[PDB]
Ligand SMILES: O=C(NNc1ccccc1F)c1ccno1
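One chain follows as structure tokens, the form deposited without the ligand.
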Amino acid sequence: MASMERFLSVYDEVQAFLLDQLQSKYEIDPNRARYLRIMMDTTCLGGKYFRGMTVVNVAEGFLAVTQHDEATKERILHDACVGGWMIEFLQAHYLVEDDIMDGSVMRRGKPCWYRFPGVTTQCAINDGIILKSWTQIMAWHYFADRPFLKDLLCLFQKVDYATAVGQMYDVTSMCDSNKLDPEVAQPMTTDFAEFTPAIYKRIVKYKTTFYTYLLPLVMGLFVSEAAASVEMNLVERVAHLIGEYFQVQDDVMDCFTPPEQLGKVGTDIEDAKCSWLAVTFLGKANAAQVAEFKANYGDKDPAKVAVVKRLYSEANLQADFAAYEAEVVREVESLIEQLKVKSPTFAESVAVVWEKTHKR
């Protein structure tokens, strides 16, 4: 893919620009520049670039139906790559800080960044702050004169806040709301009353859907000067729908995918997370199954984790998943049909985003 190859060559360019700027305006020395280059590569590279490439694909979709000089086609594609890298770097930030907050061990088959011997939490928290700063430095440099700059920066910032709010909802999901209090150590829920579909939907919506689907799609529109060409209410509803399904998939894999291909251990059970698997289990369990779940969930002991996994296999949650999948397919196709009214090209870009999500 030449799309991919354009994306990646823009990474080398953006990294040279940020490092050269540190030398030339921030008095950095070469060994610290080298540590930051390594940091950038280790935290930003290695994934699928799904989010970044979504900006590129959305841009390419408009480029095929819009008259432009060559030099304009190139600038828009450049802008789409840079925008995509903003989003990858924002994600990198989230992952460095999250792995620290959660005491995670591995990420994509390597140690989490804060566990590199010469890093440590002391430097890794800061490194994660710098990752997000770089998304701004990028925007101001590459987009200084762009008519979309204000709207892109404003959306970026809203998406970032929504994600941070989401992470809060996530990490406090195993506590009873009425017991949240900075003055009192948070005890795990015993009733699991807040393990419902609506609550789960709130966590996922804020925690991942803004930055994983909304941001890439709208960004593709901005760089293409095409926002006024779509119904924004639909982009939102489709981004939140496809974003939820995406997270449901990760939740199932956390439990059932082998660590080898997960790249991680998977500790949602021990961590007592409000996962789709738990919420769906409690939505179908009989009384005795609920009691057994409660005696076993949220505990590091591998025998108790096997009891939960066994309850999930026996509740047949692969059927509730095929059913949730079938409903999402229906609603996604419906939203794409609505998006054809004002833009058949954007609609088709959304179909490709969905198709790439549905396969995994």
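For every residue, the number given is its place in the sequence shown, counted from 1.
Separately, the form deposited with the ligand bound exists; it is not shown, and the next lines address it.
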With heavy atoms only and a cut-off of 4.5 Å, decide whether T135 touches the ligand in the bound PDB entry.
no
Contact with the ligand in the bound PDB entry for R146, defined as at least one heavy atom pair within 4.5 Å: yes or no?
no
Would you please decide whether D12 lies within 4.5 angstroms of the ligand in the bound PDB entry, comparing each non-hydrogen atom pair?
yes
Taking the shortest heavy atom distance, is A295 within 4.5 Å of the ligand in the bound PDB entry?
no
Is any part of 183-215 within 4.5 angstroms of the ligand in the bound PDB entry by a non-hydrogen atom, and which residues would that be?
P197, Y200, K201
